[PDB]
Amino acid sequence: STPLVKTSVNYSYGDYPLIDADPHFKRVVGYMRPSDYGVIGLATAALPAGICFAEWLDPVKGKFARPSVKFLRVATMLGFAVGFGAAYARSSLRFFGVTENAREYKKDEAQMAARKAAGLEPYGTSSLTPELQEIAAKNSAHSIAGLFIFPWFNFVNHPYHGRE
Amino acid sequence: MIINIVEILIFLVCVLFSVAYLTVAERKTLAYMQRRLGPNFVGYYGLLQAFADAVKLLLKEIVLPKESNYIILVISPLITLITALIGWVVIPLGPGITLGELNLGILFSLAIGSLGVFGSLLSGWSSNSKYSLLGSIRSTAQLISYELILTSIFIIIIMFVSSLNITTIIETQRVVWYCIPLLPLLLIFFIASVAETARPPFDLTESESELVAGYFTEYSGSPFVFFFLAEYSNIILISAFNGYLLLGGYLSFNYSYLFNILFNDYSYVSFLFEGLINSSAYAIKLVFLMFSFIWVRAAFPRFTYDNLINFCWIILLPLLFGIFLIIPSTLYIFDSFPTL
Amino acid sequence: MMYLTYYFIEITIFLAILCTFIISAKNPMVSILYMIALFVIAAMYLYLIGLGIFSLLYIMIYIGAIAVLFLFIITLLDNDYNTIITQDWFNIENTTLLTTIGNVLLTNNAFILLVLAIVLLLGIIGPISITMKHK
Amino acid sequence: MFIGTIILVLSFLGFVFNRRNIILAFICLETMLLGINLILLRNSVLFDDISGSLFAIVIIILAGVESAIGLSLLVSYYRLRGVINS
Amino acid sequence: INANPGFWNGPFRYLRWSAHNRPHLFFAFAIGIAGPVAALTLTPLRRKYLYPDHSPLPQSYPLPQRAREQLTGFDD
Amino acid sequence: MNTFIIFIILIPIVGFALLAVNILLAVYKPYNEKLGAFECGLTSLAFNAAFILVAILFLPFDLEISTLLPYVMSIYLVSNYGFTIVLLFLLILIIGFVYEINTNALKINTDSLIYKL
Amino acid sequence: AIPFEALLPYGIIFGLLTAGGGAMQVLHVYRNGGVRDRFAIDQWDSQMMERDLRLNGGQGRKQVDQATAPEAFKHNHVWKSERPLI
Amino acid sequence: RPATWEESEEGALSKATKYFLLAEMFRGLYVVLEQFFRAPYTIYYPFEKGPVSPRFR
Amino acid sequence: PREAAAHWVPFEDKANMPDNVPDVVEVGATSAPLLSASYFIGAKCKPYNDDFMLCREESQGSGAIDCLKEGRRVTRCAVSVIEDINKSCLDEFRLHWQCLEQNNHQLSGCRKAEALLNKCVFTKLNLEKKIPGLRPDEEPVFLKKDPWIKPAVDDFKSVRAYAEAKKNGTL
């Protein structure tokens, strides 16, 4: 888990301290707040509510009819996807130090200290070679910026997290 | 230079005569499956039958129909024969024992195979007999569709070896033949090699009952010889592809103990004996495959065009993509990605 | 003998000029056959410059698929110095052009690969969308 | 650089001054892509660099899909008219 | 006679219908999906119990990460 | 001049030699009735979309299959990373294959009798 | 019974391929000078074989295991003069 | 009335085994192969002759 | 560096070393003996090889002309170990490298001769063959018994010598 390339240390993406430049998927989902789950629930409700209200405004075939169950099931599925994307983005933004991150900062400090006590790597051990770890890092770093276009995540236990 | 010449003549003579005698073997085997005898009169036990047909066809007039592009009609069989024979340059009969020892041997096989649809695609345009045109379009469709299956099985096998040298692929099979872990893949390669060769049951391309004769309706004399020769040479060559991809090529058994008993040092006798063992193993595998082509011809009725297209694109291709997913998954699970 | 391999590059160039017979062909077929000849000349030149694997890929794809489609459809429709070649031993692996292409395409440029997947997805959806009449 | 350049320019002139047929047009497109790629690959070799060959592979694939889509467009165009008089 | 019962109406009945009436598609999908799920679910079990992953092979000369220690021996 | 190139050169020479033997030895007597095209013995064009479609869809699928050659030649070097990437690539292509299946792309009197009494 | 006349052509093919491969083994060994062939050889192997040619006097694949190289090894080094890839 | 799929005695897995492994096709191939080891019917004209009766014309 | 392309001629330079450069002996073994002796060369000359490579790195581009001295050191160490093998274990060394010549240079095809050569070199030169980077759980393949992968023909002379050594008790 020794870095092959030099990274910035505690760089400020925003007004708040940096927790992790490229957080692991498990951390980003693990640090999610109840508000983020509220966001997921709101998207999941909103998308089929959206289709129903759209049918109310301008019926597809002149006469109002409630959208079929196939479309509503679709609606729930895609709405959950949008909600999860939004919530993941919120949590990652907390990690970069762009939104308020006091709770997440403390939880990270505690978790890292415990891991160090256990003798483990701060960011885990990877089944990849270091070159593939640098390549995975350069592929996943700040990939949340393209949330609108494509989904990309960090699934690799690499050491380039931008901390000390 | 001299040694190169002698090797090429030996190999070329063996291949040409093996193709010539495959026709006789087909007639005789079908005959005995039909309770009859087949050729046993032209030459002792009918062993000169193929040369009799050859000589006759070389003495036959060439007819060039009025609306035909005569150049294309004469050259299309010629190119299909050339590619069918060029395909043999990479087939090994022992470790490194081949005319062309290419590190891109597999890629060469696939490319020269992909050059095999041009005879069908061109003859229909050259003949201008309408029966030939229908046969030509339907054949081009069928052949490309099943070439996909063949290429996909090639890829699945290279997933285990990570090499495009044919000898290496064969050598990796001393541990086990690849037809043991991938028996279903071997069945599909046979069903697809039958179709790619245009043999019964999948003979829709030149089926006498739906279309008189086929794309060759207008081919007399040496052009007919060329289509005939290319067809049987391709049968043997695709049986060869099957052999080294899945049946372990020239590997039969571990004869180290036996050689240590027989010999006490390296000698031309022992090198020859080893060469004969490897070549015999590979040739017996080829013989079983050719027999299976003839067997399937004897046993089944033809498909229709719709039927075979449906087969390839709805039953076979989904299974092959599923295997594309499941082979690297098993390699990953057990940490056995093969090295270069 | 030595002048043969020396001028081999210049011969492929000349045959390519000559084959580009494609424009002047009376019959479009004939034009497509001459296109195939041009592709074989291209494969010859590729081997000469050291890229034989590309010669084989070109034979596989452009002749094996693209020329086949062309024919299918039209049957249906009405610097004098010399370079020093030096050896060194720093390469212990058997890494060739294909392996390196796989390496970079699947790791350094996985994104290009997935976008190519979308492009091939387009190459499937589009033809169905415009050549088939639903219902 | 030489064979590729000449294929490109001759295919371009064939395309532009085509007054014979549309198939000639398709073929000039394909052969232009060929010449581009040959120039690219020679440069790749001279630099001992893999980026050139990577882009060559991508061109190959995109020319494949472009040919597929173009022939589909031509077929859809033919379906209405029955004949290509160019 | 037999007809598609709709996946969304009943999952297991639709799966049974598919396995009886479209075996090619059903088993193509089964074989395809068994791969990645088995990867994700079973690879850690293999690592934990059967055997760990192998040690990486060298790709280039392993350069020492240290300074030259001069040297004495096999000289002029 | 190794065996490879000599064999490659030799094959077309053999083809041309057989052709020349046929031309030299066989008689050649064309006449109008013989030159006619054979259609069951006596003198004498719309197609379906699936004909077009098999050919056209061959090219993308061929490209998909041949795009895995770099992968299988570099499987070990790309490790569990490239593995995942090629799974995603394959699944994306499988989606297009599903579209093809469900649209039935390559595939080519039940009224009752009612009397007004 | 087993129809031997049906097996005669198979036997002919089998003997032909077997003899052809055996003769090819002997010719390859004779060309190699009494050792088996080298297959699947990478750049490293080609360079090692060239160095071997420099060491054993141009006698093909002959091997020498003397610790110290003859004098001519220092002067028979070869670089390759490659024509401009135009 | 013809039976539906749900009222079938055989499990889907057995039917799929027969479907994918071509059971009856292998039975046909075996029947064909059995003929290969039987005495053929041919006679060697003009050295042998088929049956002829007094009434022949 | 890439291999040569369409037309190339090999050319030989007839000049001598510049006389300021100290002369050095060159290794005379060919590919099979070198591959046979590689593990012992590494075991003995590791510090000198490492120093040579570190010099080449630190020179940052002028490696050829700044790293001649410890290059001479490397070649001298290699020649020394090869001479020791030629003096102490010649017959087994020949067994091993002729076996390699017969088996396309695959060490998997010469385990029997390699066992004899390894024992001889360990006893008479105090060099051990070892594969770096394996954990204690992983087993060196050349020490493995009953391998999946075996040669086509076990070499005759090597088999005879191995059985003889098994009788004598040396192996």
# chains A, B, ... in the order shown; residues from 1 in each chain; ligands from 1
>>> residues_around(residues="residue 70 of chain G", least_positions_apart="6", cutoff="9 Å", atoms="only C-alpha atoms", output="list in words")
residues 55 of chain G; 26 and 28 of chain I
>>> write_last_selection(atoms="N, CA and C atoms", output="PDB file, in the first residue's frame")
ATOM      1  N   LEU G  55      28.783 -16.348 -30.664  1.00  0.00           N
ATOM      2  CA  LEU G  55      29.679 -17.121 -29.807  1.00  0.00           C
ATOM      3  C   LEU G  55      30.197 -18.410 -30.431  1.00  0.00           C
TER       4      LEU G  55
ATOM      5  N   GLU I  26      34.956 -11.323 -21.395  1.00  0.00           N
ATOM      6  CA  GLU I  26      33.549 -11.462 -21.736  1.00  0.00           C
ATOM      7  C   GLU I  26      33.063 -12.865 -21.406  1.00  0.00           C
ATOM      8  N   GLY I  28      31.539 -16.259 -22.075  1.00  0.00           N
ATOM      9  CA  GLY I  28      31.522 -17.074 -23.266  1.00  0.00           C
ATOM     10  C   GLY I  28      30.435 -18.118 -23.345  1.00  0.00           C
TER      11      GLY I  28
END
>>> residues_around(residues="residue 58 of chain G", least_positions_apart="6", cutoff="12 Å", atoms="only C-alpha atoms", output="VMD selection string")
chain G and resid 49 to 52 64 73 76
>>> write_last_selection(atoms="C-alpha atoms", output="PDB file, in the first residue's frame")
ATOM      1  CA  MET G  49      20.057 -16.867 -30.378  1.00  0.00           C
ATOM      2  CA  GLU G  50      21.842 -14.069 -32.220  1.00  0.00           C
ATOM      3  CA  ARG G  51      24.354 -13.833 -29.386  1.00  0.00           C
ATOM      4  CA  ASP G  52      24.754 -17.613 -29.616  1.00  0.00           C
ATOM      5  CA  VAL G  64      29.419 -23.502 -25.865  1.00  0.00           C
ATOM      6  CA  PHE G  73      33.395 -12.040 -29.847  1.00  0.00           C
ATOM      7  CA  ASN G  76      31.798  -9.416 -34.320  1.00  0.00           C
TER       8      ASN G  76
END
>>> interface_residues(of="chain F", to="chain E", cutoff="12 Å", atoms="only C-alpha atoms", output="ChimeraX atom specification")
/F:76-77,79-80,83-84,86-88,90-91,94-95,97-98,101-102
>>> closest_residue(among="F:53, F:93, F:85, F:117", to="chain D", atoms="only C-alpha atoms")
F:53
>>> atom_distance(atom1="atom CA of residue 44 of chain F", atom2="atom CA of residue 215 of chain B")
18.1 Å
>>> closest_residue(among="C:68, C:125, C:4, C:112", to="residue 143 of chain B", atoms="only C-alpha atoms")
C:68
>>> residues_around(residues="residue 84 of chain D", least_positions_apart="2", cutoff="9 Å", atoms="only C-alpha atoms", output="PyMOL selection string")
(chain C and resi 77-78) or (chain D and resi 21-22+77-78+81-82+86)
>>> write_last_selection(atoms="N, CA, C and O atoms", output="compact mmCIF listing (two decimals), in the first residue's frame")
# COMPACT_ATOMS: atom_id res chain seq x y z
N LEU C 77 -29.36 -4.85 -54.04
CA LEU C 77 -30.00 -3.61 -54.48
C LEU C 77 -29.70 -3.33 -55.94
O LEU C 77 -28.64 -3.69 -56.46
N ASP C 78 -30.64 -2.67 -56.61
CA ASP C 78 -30.53 -2.35 -58.03
C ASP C 78 -29.87 -0.98 -58.16
O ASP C 78 -30.44 0.04 -57.75
N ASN D 21 -21.51 6.82 -59.49
CA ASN D 21 -22.32 5.99 -58.62
C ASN D 21 -22.08 6.36 -57.16
O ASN D 21 -21.11 7.03 -56.81
N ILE D 22 -23.01 5.91 -56.31
CA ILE D 22 -22.95 6.14 -54.87
C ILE D 22 -22.07 5.09 -54.18
O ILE D 22 -21.52 5.34 -53.09
N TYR D 77 -33.20 4.28 -47.72
CA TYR D 77 -33.42 5.17 -48.85
C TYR D 77 -33.95 4.41 -50.05
O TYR D 77 -34.85 4.89 -50.75
N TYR D 78 -33.43 3.21 -50.28
CA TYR D 78 -33.87 2.40 -51.42
C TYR D 78 -35.30 1.92 -51.26
O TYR D 78 -36.02 1.80 -52.25
N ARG D 81 -37.76 4.10 -53.07
CA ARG D 81 -37.61 4.42 -54.48
C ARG D 81 -37.40 3.21 -55.39
O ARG D 81 -37.64 3.32 -56.59
N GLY D 82 -36.97 2.08 -54.85
CA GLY D 82 -36.78 0.90 -55.66
C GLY D 82 -35.55 0.89 -56.53
O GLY D 82 -35.17 -0.18 -57.02
N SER D 86 -28.32 7.40 -58.83
CA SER D 86 -27.14 8.27 -58.54
C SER D 86 -27.25 9.57 -59.35
O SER D 86 -28.18 10.35 -59.06
>>> residues_around(residues="segment 315-320 of chain B", least_positions_apart="6", cutoff="9 Å", atoms="only C-alpha atoms", output="PyMOL selection string")
(chain B and resi 148-149+152-153+156+185+188) or (chain E and resi 24-25+27-29+31-32) or (chain F and resi 94+97)
>>> interface_residues(of="chain F", to="chain C", cutoff="10 Å", atoms="only C-alpha atoms", output="PyMOL selection string")
chain F and resi 45-64+66-79+81-86+88-97+99-100+103-106
>>> decode(residues="segment 30-51 of chain E", atoms="N, CA, C and O atoms", output="JSON list (two decimals), in the first residue's frame")
[["chain", "number", "residue", "atom", "x", "y", "z"],
["E", 30, "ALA", "N", -29.44, -17.77, -17.16],
["E", 30, "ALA", "CA", -28.97, -18.37, -15.91],
["E", 30, "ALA", "C", -27.46, -18.53, -15.90],
["E", 30, "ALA", "O", -26.79, -18.14, -14.94],
["E", 31, "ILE", "N", -26.91, -19.09, -16.98],
["E", 31, "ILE", "CA", -25.46, -19.28, -17.06],
["E", 31, "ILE", "C", -24.75, -17.93, -17.05],
["E", 31, "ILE", "O", -23.71, -17.77, -16.41],
["E", 32, "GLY", "N", -25.29, -16.95, -17.77],
["E", 32, "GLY", "CA", -24.64, -15.65, -17.82],
["E", 32, "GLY", "C", -24.62, -14.94, -16.48],
["E", 32, "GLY", "O", -23.59, -14.39, -16.08],
["E", 33, "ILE", "N", -25.74, -14.97, -15.76],
["E", 33, "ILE", "CA", -25.82, -14.27, -14.49],
["E", 33, "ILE", "C", -25.12, -15.02, -13.37],
["E", 33, "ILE", "O", -24.67, -14.40, -12.41],
["E", 34, "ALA", "N", -24.98, -16.35, -13.47],
["E", 34, "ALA", "CA", -24.33, -17.09, -12.40],
["E", 34, "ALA", "C", -22.87, -16.66, -12.24],
["E", 34, "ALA", "O", -22.29, -16.83, -11.17],
["E", 35, "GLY", "N", -22.27, -16.10, -13.28],
["E", 35, "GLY", "CA", -20.87, -15.77, -13.25],
["E", 35, "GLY", "C", -20.54, -14.65, -12.28],
["E", 35, "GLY", "O", -19.92, -14.88, -11.24],
["E", 36, "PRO", "N", -20.95, -13.43, -12.60],
["E", 36, "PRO", "CA", -20.63, -12.29, -11.72],
["E", 36, "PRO", "C", -21.14, -12.45, -10.29],
["E", 36, "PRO", "O", -20.44, -12.04, -9.35],
["E", 37, "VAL", "N", -22.33, -13.00, -10.09],
["E", 37, "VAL", "CA", -22.83, -13.17, -8.73],
["E", 37, "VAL", "C", -21.94, -14.13, -7.96],
["E", 37, "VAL", "O", -21.60, -13.90, -6.79],
["E", 38, "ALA", "N", -21.53, -15.22, -8.61],
["E", 38, "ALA", "CA", -20.63, -16.15, -7.95],
["E", 38, "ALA", "C", -19.29, -15.50, -7.66],
["E", 38, "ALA", "O", -18.72, -15.71, -6.59],
["E", 39, "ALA", "N", -18.79, -14.69, -8.59],
["E", 39, "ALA", "CA", -17.57, -13.93, -8.32],
["E", 39, "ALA", "C", -17.70, -13.15, -7.02],
["E", 39, "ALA", "O", -16.99, -13.43, -6.04],
["E", 40, "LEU", "N", -18.66, -12.23, -6.98],
["E", 40, "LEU", "CA", -18.82, -11.36, -5.82],
["E", 40, "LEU", "C", -19.02, -12.14, -4.54],
["E", 40, "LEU", "O", -18.42, -11.82, -3.51],
["E", 41, "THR", "N", -19.86, -13.17, -4.57],
["E", 41, "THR", "CA", -20.24, -13.85, -3.35],
["E", 41, "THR", "C", -19.20, -14.85, -2.87],
["E", 41, "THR", "O", -19.02, -15.00, -1.65],
["E", 42, "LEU", "N", -18.47, -15.49, -3.77],
["E", 42, "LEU", "CA", -17.66, -16.65, -3.44],
["E", 42, "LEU", "C", -16.17, -16.37, -3.41],
["E", 42, "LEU", "O", -15.45, -17.10, -2.73],
["E", 43, "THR", "N", -15.68, -15.38, -4.15],
["E", 43, "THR", "CA", -14.24, -15.14, -4.13],
["E", 43, "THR", "C", -13.70, -14.92, -2.72],
["E", 43, "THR", "O", -12.67, -15.53, -2.39],
["E", 44, "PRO", "N", -14.32, -14.09, -1.87],
["E", 44, "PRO", "CA", -13.81, -13.97, -0.49],
["E", 44, "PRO", "C", -13.85, -15.27, 0.29],
["E", 44, "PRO", "O", -12.97, -15.50, 1.12],
["E", 45, "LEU", "N", -14.85, -16.12, 0.05],
["E", 45, "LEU", "CA", -14.87, -17.42, 0.71],
["E", 45, "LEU", "C", -13.67, -18.26, 0.29],
["E", 45, "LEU", "O", -13.04, -18.91, 1.13],
["E", 46, "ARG", "N", -13.34, -18.26, -1.00],
["E", 46, "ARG", "CA", -12.16, -18.98, -1.46],
["E", 46, "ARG", "C", -10.91, -18.42, -0.82],
["E", 46, "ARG", "O", -10.06, -19.18, -0.35],
["E", 47, "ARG", "N", -10.78, -17.10, -0.77],
["E", 47, "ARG", "CA", -9.60, -16.50, -0.16],
["E", 47, "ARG", "C", -9.49, -16.89, 1.31],
["E", 47, "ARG", "O", -8.40, -17.21, 1.79],
["E", 48, "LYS", "N", -10.61, -16.88, 2.02],
["E", 48, "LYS", "CA", -10.58, -17.16, 3.45],
["E", 48, "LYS", "C", -10.24, -18.61, 3.73],
["E", 48, "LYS", "O", -9.46, -18.91, 4.65],
["E", 49, "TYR", "N", -10.79, -19.54, 2.95],
["E", 49, "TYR", "CA", -10.70, -20.96, 3.29],
["E", 49, "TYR", "C", -9.81, -21.78, 2.37],
["E", 49, "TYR", "O", -8.95, -22.51, 2.87],
["E", 50, "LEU", "N", -9.97, -21.70, 1.05],
["E", 50, "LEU", "CA", -9.22, -22.62, 0.20],
["E", 50, "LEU", "C", -7.74, -22.23, 0.14],
["E", 50, "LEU", "O", -6.88, -22.98, 0.61],
["E", 51, "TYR", "N", -7.44, -21.07, -0.42],
["E", 51, "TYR", "CA", -6.05, -20.62, -0.49],
["E", 51, "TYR", "C", -6.04, -19.13, -0.79],
["E", 51, "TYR", "O", -6.92, -18.64, -1.51]]
